[PDB]
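**Q** After the structure tokens below, expect a handful of questions from me.
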Amino acid sequence: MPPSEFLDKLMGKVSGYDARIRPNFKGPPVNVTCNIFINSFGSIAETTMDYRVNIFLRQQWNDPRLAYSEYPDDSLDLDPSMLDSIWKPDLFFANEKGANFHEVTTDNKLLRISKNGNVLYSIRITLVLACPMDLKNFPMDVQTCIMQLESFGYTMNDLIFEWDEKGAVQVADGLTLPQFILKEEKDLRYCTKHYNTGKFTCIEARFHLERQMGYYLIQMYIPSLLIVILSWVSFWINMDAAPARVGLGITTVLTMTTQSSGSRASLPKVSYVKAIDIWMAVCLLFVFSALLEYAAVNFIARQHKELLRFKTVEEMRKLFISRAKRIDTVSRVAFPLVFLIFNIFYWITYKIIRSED
Amino acid sequence: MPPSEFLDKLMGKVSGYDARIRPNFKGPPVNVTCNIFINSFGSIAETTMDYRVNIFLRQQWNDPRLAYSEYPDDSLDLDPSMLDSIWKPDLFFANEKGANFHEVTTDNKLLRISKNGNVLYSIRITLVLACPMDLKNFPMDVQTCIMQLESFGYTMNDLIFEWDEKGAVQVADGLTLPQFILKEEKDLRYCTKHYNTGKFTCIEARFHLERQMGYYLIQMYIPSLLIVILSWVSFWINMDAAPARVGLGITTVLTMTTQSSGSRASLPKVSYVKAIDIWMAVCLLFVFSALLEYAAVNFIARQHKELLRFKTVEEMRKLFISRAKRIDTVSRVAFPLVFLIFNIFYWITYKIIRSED
Amino acid sequence: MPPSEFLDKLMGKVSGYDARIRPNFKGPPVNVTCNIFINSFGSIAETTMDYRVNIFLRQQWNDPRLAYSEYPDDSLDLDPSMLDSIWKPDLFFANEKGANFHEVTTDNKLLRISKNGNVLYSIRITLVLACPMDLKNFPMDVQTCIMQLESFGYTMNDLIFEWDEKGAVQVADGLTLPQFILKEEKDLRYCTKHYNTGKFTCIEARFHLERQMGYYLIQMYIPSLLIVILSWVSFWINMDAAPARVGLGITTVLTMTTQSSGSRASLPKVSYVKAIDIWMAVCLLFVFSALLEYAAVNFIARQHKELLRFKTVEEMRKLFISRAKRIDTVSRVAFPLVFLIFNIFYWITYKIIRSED
Amino acid sequence: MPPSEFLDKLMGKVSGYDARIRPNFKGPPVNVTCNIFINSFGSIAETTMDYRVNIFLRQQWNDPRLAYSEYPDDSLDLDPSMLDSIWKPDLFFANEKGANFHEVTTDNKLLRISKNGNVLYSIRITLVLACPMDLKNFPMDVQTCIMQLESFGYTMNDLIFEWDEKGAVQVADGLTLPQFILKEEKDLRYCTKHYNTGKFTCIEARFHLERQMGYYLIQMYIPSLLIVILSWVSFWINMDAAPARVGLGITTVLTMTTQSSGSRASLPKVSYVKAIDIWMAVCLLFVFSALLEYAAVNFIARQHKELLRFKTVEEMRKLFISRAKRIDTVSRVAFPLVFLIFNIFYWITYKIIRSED
Amino acid sequence: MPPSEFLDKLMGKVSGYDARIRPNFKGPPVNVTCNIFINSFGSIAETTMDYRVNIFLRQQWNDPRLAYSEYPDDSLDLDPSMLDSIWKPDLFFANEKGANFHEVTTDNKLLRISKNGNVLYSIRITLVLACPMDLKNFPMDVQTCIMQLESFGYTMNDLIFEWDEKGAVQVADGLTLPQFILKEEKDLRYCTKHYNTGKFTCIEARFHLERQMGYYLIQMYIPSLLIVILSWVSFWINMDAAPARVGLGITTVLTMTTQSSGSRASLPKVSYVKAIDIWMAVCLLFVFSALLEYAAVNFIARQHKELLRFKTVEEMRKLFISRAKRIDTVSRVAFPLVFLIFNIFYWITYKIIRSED
Ligand SMILES: *[C@@H]1O[C@H](CO)[C@@H](O)[C@H](O)[C@H]1NC(C)=O
Ligand SMILES: *[C@@H]1O[C@H](CO)[C@@H](O)[C@H](O)[C@H]1NC(C)=O
Ligand SMILES: *[C@@H]1O[C@H](CO)[C@@H](O)[C@H](O)[C@H]1NC(C)=O
Ligand SMILES: *[C@@H]1O[C@H](CO)[C@@H](O)[C@H](O)[C@H]1NC(C)=O
Ligand SMILES: *[C@@H]1O[C@H](CO)[C@@H](O)[C@H](O)[C@H]1NC(C)=O
């Protein structure tokens, strides 16, 4: 038998196969099963609020028509051109941008027709989808990105979309992301859509991403910590040289604020206060406080010199010098402990919060 | 009865349905009713002066022709391909950029034909529209963005566009914007368009947006305030160390001006003066003034030392030292009160202005 | 009479109307009149050297053919599809980039055919055109942007383009630009084009734009002026504290140069020197000079102390102290006047120059 | 004989050549040989993680059909239009983005048909491909970029892709890259692909790139080194002037941290620590240490002055002054040697590592 | 005679003119002459390494067929639609990106057919081409950009491309570039291309560009020079105030390095060292040296004070003070001369190098 004659006889002009009519017309809804494979992942940034993912989509649906039953081979592979003739289920994404088809040399379309008439439709597309990311705790957070598939033109009746029981979602082997760690759970659930026009079927896929904490520490935590240590050490020493101390304090504050502003640049603007903000604020507060401590000591010293200028003045010389020294000596030991205890408190609360969430 | 034979018989070659002729030709204008649903909102920035909104557009118009009256089911769903054959009303937007149709797998088009011949036409498109935003008061403002729909090719006679009395505009459930809060009023009004060629119908939709004040405070108000406090405190203490004071003042001024310039970067250039500008200017003025106060005190001290170099000089020693001290002592208490009163005045006037507008 | 039969009879297969033949073939050139309406203006920046303008273009030309003379109504509105059949005059822009047609729902095309056969062709397009902007005086300048329309395929003979005597160019009501003020003159002139291939008709439209001076003052003039005042005041006071003075001078210079470099960033690079450059250079020169004045005074003081170390030395003590003081006292009063006179000179010359140009 | 009659007779309606049927149907897989020539290379950046390469692709496959055997000339050149009629093997790239065909004047397609029926298919395309670059050692690294060719629609059976034994990959003469040096090895290997649908043939090409070290030294190594030298020299001198020393140290630290942050900007974020990070950290540590050394000396000096204020005090004057001087004198000579030895260690270990890898 | 009947008779179905056959088949190669006119030039930047040029391309080739010889007029103008029917020579560019055709209202195509059958084909296109720019000497350099035209599908035999003897390349009148000055030489040469497939004809056009030196001086040379002068002057004065001197030196160095880094930003990274780099390095070296000179003087002064603390000490007081003063006095006069001589040497060598190259 010739292949060409069969190929046109099955889906051509002699065949009553109209691509405008749904299969099993005036009948029970056509069940469609969807299998998704992730070729690659990437392009995730906070400002953009979207992720670009390359995916291979497989759609399988039963067709009573086109059941030739005259060829020994179980299935027949077919060309991309043949797909236009066949009836195709509509697919839409709830948050779809871009998604242009790849057409290098030939369109990337695969058609397989089984003897029973089950049809496999395969396409490769790059989807950019909006992700409603959570910016609550910037250093450590878990982000879930959801992909939703709906039927734009058909109601719940006459077309139902279902997930594949085994191997519904696959991922490319040895695929990694520089910023996030993908979690191997991939929970899938389906939520129907209600509109004024009607009720439309939908299915959802959920992906969990974990941030890598390594970059943030080196980029932000380490410089701030070194700055804080420098300020404290320098402030405690060179007490007699008051211009030297005040100049150091002010420069340290200026660097702290500029660094904090620099830190808040890559991410977008939100009303709520992030953990990084909290850390910057406390560090700035400590650096701020140090200068006030020096100012108080300088004021007390000024009082001592003026009164001395005014035995009766050595009656108060020991008192004022001892008081000022008692301030400096206590402050010097006191501040790192009252900083270490906060640092420990901060890390433990965030660690338990991440563990429970 | 076969579906295919009916489907071509209704809108094909045997039917005199020409897609080049308006329905009810030489007759009263065709009333078209439009329903708009907002899938998503986003991409609003001052420099761009545009907003990107994903929308679902439903157009309903009465057609005397295509009233088959031979099928028991009330309405028939139809394919996107069928739409080209049917006559379609022209739609244009007064400020339209981009707006390319989404065509993933199949074009996102829905056609529903009722027995009476009313036709529902549904399309999903992303429109970028210019918004004439008001930049009067940068921290707190209400922005209204308007969307206008007009008929490019047809005059007021032979095509009229009207709003749906109930549920004219719907919004996606649980839809939020990071920067703005959408207001649930959505006032709709229609303004006709007059041109040299003729009079064309139009309809307008108005959306109200409220800025979130949380980010601006942390980003700008808090650093400026800390800087101002540091400068005042430091200036009042370490009075004897004049190089220390002058150096602090100058560094503080330099940070103030650079921060102000940095603040004026995200937004575009306008002739009028914004509230943020006013706040930066007063803070800079206070920081500026402090240095002049120190300079005056230093000059008086210089006069005291030169005259002393010249009892007759202790006749004026008490006077000059007392005068200089009286300056420093009064200035020190005086400046925060004369700053707090302004801050209170500023916030109350802006709060009443936002409330009334 | 049926509309469809007439519509194909007028411009179809029975009609000898070939869209490949120019009307009035072997005859006098076809006069075409063009009317332009500006929907919106915007996107003007120095670096890009182009402006994006949305425009509605109306082309009117006389056609002897298609003069039906059998329908009572004076004119017939026609669909966009009908336009392809009709012969259309070629239009080109001398400096055209982009200019993609807007095609939302239906193509934005209007066709009107009068009984006499005059044809009105209407299109809406967004044109990006290069503008040869003048960057001579950055703060105040008048920019003229020219739009040129030419016939790419046809010579001067057989197609002439002319302007409409009344209402040739219209602008959208209540249309404003944030940076520039449009001038309501809109002088139109036409210049023919000569090429090796032949002579081609062209028409030109000129638009005048005036810069808003409000933003530039606040952004650049005010910070530089405050810096200059601070430097002068601080330099004159705290004369005894030489490290304090030198440190202030150097920091002030560093801010001046960085601010000047920052200023020269938004605009492109040009050989000629702009007014803003002149202002920055003089301000930098004044700030520069101040330090040299302090250095000279310090050198004289050094000479006084060394000679004193060497009555015979109080013979020269009064002379050296008086000379140094005479320098500081004169310099202090002298510099603002010699700055105010320049500022007055600068503004008056630029104001007269802008007024005359 | 006429050329036109032959040209349609060979591949037209009288010929049974259907472009929907694979050659040698129900037969051994069709061997396809691929030759690749690199027109140009460029656009390689770390953030993008992709490279843009212009390539000329030659596909040669045996066809039993179209073996005319009636023309004396060995091969016939054919037009791009003729290609659509012929059956064409599908080609896909594992990591393909963009890759739009170039179509200036005519499509860039070459067809050559030999007498035996071997067919040469030639196309020019620009491919952007993701490269999994290694960011372990930023200054010196070797990057390998892989290009993979697979058959999307056909399994391993019925289409096999093989490399050309001689001159498989050619490069344009005199082609250079500013950043990287291409290595003339170009190892080619093929790895089959296994999927749920089936087994698909693939071939891989590997390119080796070597970074140029010249820019990085001047940009980063030289400024850091000069800064370190300045800090050490300045710290050792001007020991009596403690405010001068502390101010120098702090400014030097501030520049070091800002420079380090600036350095980490061009490249993306990764968890692991790069060599440049290690170099910045040690330099910052040295600069940091210097200040602590000065602080310790200042503290000892303070102890000496307080005890002196309290012979019995000249019993300890020599001891304290000698101890402080012994610190400064040893530290001064000690630090460059303990810096030179590290620098030598660093360079030798990286040089051996690059040589072995 | 009717025009339509002739127009289809010449190039239609009755005519044996097949657009798939080369003219003069089995005959001598078809000579094609190319004329290029430059509408505009622009978009040249170092990072991009490409230039965008708008060009009008004229192709003239002899056709024996289509020689009607029955119309009195010498040449017939024809529509863009007619071009598809005619055989067209393939054109390709060696380094072509973008180059999309402009299609506003009508496609910008001109066809002219002479009586002898010579055919003129005219197209307007914007070509972005890679330019292998030389970055050896950044301030002054001459850049040559080459445009190459080749035949993708045809070998040297059967299609030859040649230049027009007179007026081969024309430029638009009054066309200027802000950065570069075009040179009116425009040397044209042709180099054949050899490939594995065959030998292909090519032609090349060379354009010479000269940089404008005005911007670079103001942007970079002037600030560096002022900084150098400030540092030298300030260092020489205020010798007794060592903290003041060291602080000035360090701040000056910090500005120098940041300015140098800022300078190296607009351009890309290259291994070789540019002239601007050389200038920055020497200026940094001078500024660096000054601090070391001050440190040496301070060390000598320290030696003098310690020995004095230890007549026998006034035996060495004169010697040490005289030596330190001799250093400062010589250094002060010595450095500008040893800077002026270098500046003169630098400019003369670059000027002769530019003149000879
Ligand atoms: C799809 O599945 C449901 C539940 O298994 C079934 O009731 C329905 O008939 C199916 N639809 C078909 C077979 O078209
Ligand atoms: C549209 O509505 C108006 C007002 O209700 C009516 O006068 C007009 O006839 C309507 N147009 C039709 C029915 O075509
Ligand atoms: C166009 O106008 C000119 C001048 O009015 C006239 O000479 C010419 O005949 C006109 N062209 C026509 C009527 O085709
Ligand atoms: C391709 O090559 C293999 C191994 O040389 C051979 O077995 C096979 O038959 C070939 N395929 C053909 C000739 O179609
Ligand atoms: C093209 O020119 C060459 C040299 O003038 C000539 O030999 C050749 O015959 C020409 N090709 C033609 C006329 O087709």
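By order of appearance in the structure tokens: chains A, B, ..., then residues from 1 within every chain, and ligands from 1 in the order shown.
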So that each row is one residue of chain B with an atom at most 7 Å from chain C, can you give its shortest atom pair and the distance in Å to one decimal, using only C-alpha atoms, rows by chain and rising number, as JSON lines?
**A**
```
{"residue": "B:20", "atom": "CA", "partner": "C:79", "partner_atom": "CA", "distance": 6.6}
{"residue": "B:90", "atom": "CA", "partner": "C:106", "partner_atom": "CA", "distance": 5.9}
{"residue": "B:91", "atom": "CA", "partner": "C:105", "partner_atom": "CA", "distance": 6.2}
{"residue": "B:92", "atom": "CA", "partner": "C:104", "partner_atom": "CA", "distance": 6.9}
{"residue": "B:99", "atom": "CA", "partner": "C:104", "partner_atom": "CA", "distance": 6.8}
{"residue": "B:152", "atom": "CA", "partner": "C:108", "partner_atom": "CA", "distance": 6.5}
{"residue": "B:153", "atom": "CA", "partner": "C:110", "partner_atom": "CA", "distance": 5.1}
{"residue": "B:243", "atom": "CA", "partner": "C:244", "partner_atom": "CA", "distance": 4.8}
{"residue": "B:247", "atom": "CA", "partner": "C:248", "partner_atom": "CA", "distance": 6.9}
{"residue": "B:269", "atom": "CA", "partner": "C:215", "partner_atom": "CA", "distance": 6.0}
{"residue": "B:270", "atom": "CA", "partner": "C:215", "partner_atom": "CA", "distance": 5.9}
{"residue": "B:271", "atom": "CA", "partner": "C:214", "partner_atom": "CA", "distance": 4.4}
{"residue": "B:295", "atom": "CA", "partner": "C:237", "partner_atom": "CA", "distance": 6.1}
{"residue": "B:298", "atom": "CA", "partner": "C:238", "partner_atom": "CA", "distance": 6.8}
{"residue": "B:299", "atom": "CA", "partner": "C:237", "partner_atom": "CA", "distance": 6.7}
```
**Q** Store the residues picked out above in a file with C-alpha atoms, as a short mmCIF file (atom, residue, chain, number, x, y, z; two decimals), in the first residue's frame.
**A**
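New file selection.cif:
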```cif
data_model
loop_
_atom_site.label_atom_id
_atom_site.label_comp_id
_atom_site.auth_asym_id
_atom_site.auth_seq_id
_atom_site.Cartn_x
_atom_site.Cartn_y
_atom_site.Cartn_z
CA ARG B 20 -18.08 44.05 4.22
CA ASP B 90 -13.63 48.39 15.09
CA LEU B 91 -12.03 49.21 18.47
CA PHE B 92 -9.35 51.78 19.17
CA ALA B 99 -1.12 45.81 22.55
CA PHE B 152 -11.55 54.85 14.30
CA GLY B 153 -13.47 54.20 11.09
CA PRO B 243 38.47 72.47 63.64
CA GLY B 247 34.89 69.58 59.78
CA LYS B 269 12.10 66.48 35.68
CA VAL B 270 9.28 68.99 36.29
CA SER B 271 9.15 72.77 36.69
CA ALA B 295 31.55 80.84 62.68
CA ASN B 298 34.52 81.73 66.64
CA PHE B 299 34.70 85.34 65.43
#
```
**Q** Give me the residues near residue 275 in chain B as a PDB file with C-alpha atoms, in the first residue's frame, where near means some atom within 9 Å (using only C-alpha atoms) and where sequence neighbours in that chain fewer than 6 positions away do not count.
**A**
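The resulting part27.pdb:
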```pdb
ATOM      1  CA  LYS B 136       2.713  67.784  42.544  1.00  0.00           C
ATOM      2  CA  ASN B 137       3.286  66.121  45.908  1.00  0.00           C
ATOM      3  CA  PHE B 138       5.685  63.199  45.530  1.00  0.00           C
ATOM      4  CA  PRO B 139       5.230  61.403  48.936  1.00  0.00           C
ATOM      5  CA  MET B 140       1.452  61.431  48.999  1.00  0.00           C
ATOM      6  CA  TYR B 350      -0.177  67.615  54.044  1.00  0.00           C
TER       7      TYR B 350
END
```
**Q** Would you kindly return, as a list in words, each protein, DNA or RNA residue with an atom no farther than 6 Å from any atom of range 307-324 of chain A, considering only C-alpha atoms and excluding same-chain residues fewer than 3 positions away?
**A**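 That gives residues 297, 304 and 327 of chain A.
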**Q** Give me, as a PyMOL selection string, all polymer residues having an atom no more than 10 Å from residue 193 in chain A, counting only C-alpha atoms and skipping those fewer than 6 positions away in the same chain.
**A** chain A and resi 150-151+155-156+199-203
**Q** Please dump the current selection as an mmCIF file, in the first residue's frame; keep C-alpha atoms.
**A**
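The resulting file, out38.cif, is reproduced below:
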```cif
data_model
loop_
_atom_site.group_PDB
_atom_site.id
_atom_site.type_symbol
_atom_site.label_atom_id
_atom_site.label_comp_id
_atom_site.auth_asym_id
_atom_site.auth_seq_id
_atom_site.Cartn_x
_atom_site.Cartn_y
_atom_site.Cartn_z
ATOM 1 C CA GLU A 150 -6.825 26.935 31.675
ATOM 2 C CA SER A 151 -9.104 26.569 28.645
ATOM 3 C CA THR A 155 -16.340 25.602 29.501
ATOM 4 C CA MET A 156 -16.014 22.838 32.105
ATOM 5 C CA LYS A 199 -17.053 27.783 34.495
ATOM 6 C CA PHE A 200 -13.649 26.854 33.026
ATOM 7 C CA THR A 201 -11.333 23.998 34.024
ATOM 8 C CA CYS A 202 -7.817 24.703 35.294
ATOM 9 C CA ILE A 203 -4.785 22.885 36.712
#
```
**Q** Could you please extract the residues within 7 Å of ligand 5, counting only C-alpha atoms and all ligand atoms, and hand them back as a PyMOL selection string?
**A** chain E and resi 28-31
**Q** So that I have them on file, write out the residues from the current selection with C-alpha atoms, as an mmCIF file, in the first residue's frame.
**A**
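Output file selection35.cif follows:
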```cif
data_model
loop_
_atom_site.group_PDB
_atom_site.id
_atom_site.type_symbol
_atom_site.label_atom_id
_atom_site.label_comp_id
_atom_site.auth_asym_id
_atom_site.auth_seq_id
_atom_site.Cartn_x
_atom_site.Cartn_y
_atom_site.Cartn_z
ATOM 1 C CA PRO E 28 29.234 34.088 -19.345
ATOM 2 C CA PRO E 29 28.730 35.412 -15.786
ATOM 3 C CA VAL E 30 26.218 38.226 -15.300
ATOM 4 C CA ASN E 31 28.009 41.464 -14.437
#
```
**Q** Could the residues that lie within 12 Å of ligand 2, counting only C-alpha atoms and all ligand atoms, be listed as number ranges by chain?
**A** B: 22-33, 61-64, 156-162
**Q** As a PyMOL selection string, please: the residues near residue 48 in chain A (cut-off 12 Å, only C-alpha atoms, same-chain neighbours under 5 positions excluded).
**A** (chain A and resi 43+128-133+266-268) or (chain B and resi 42-43)
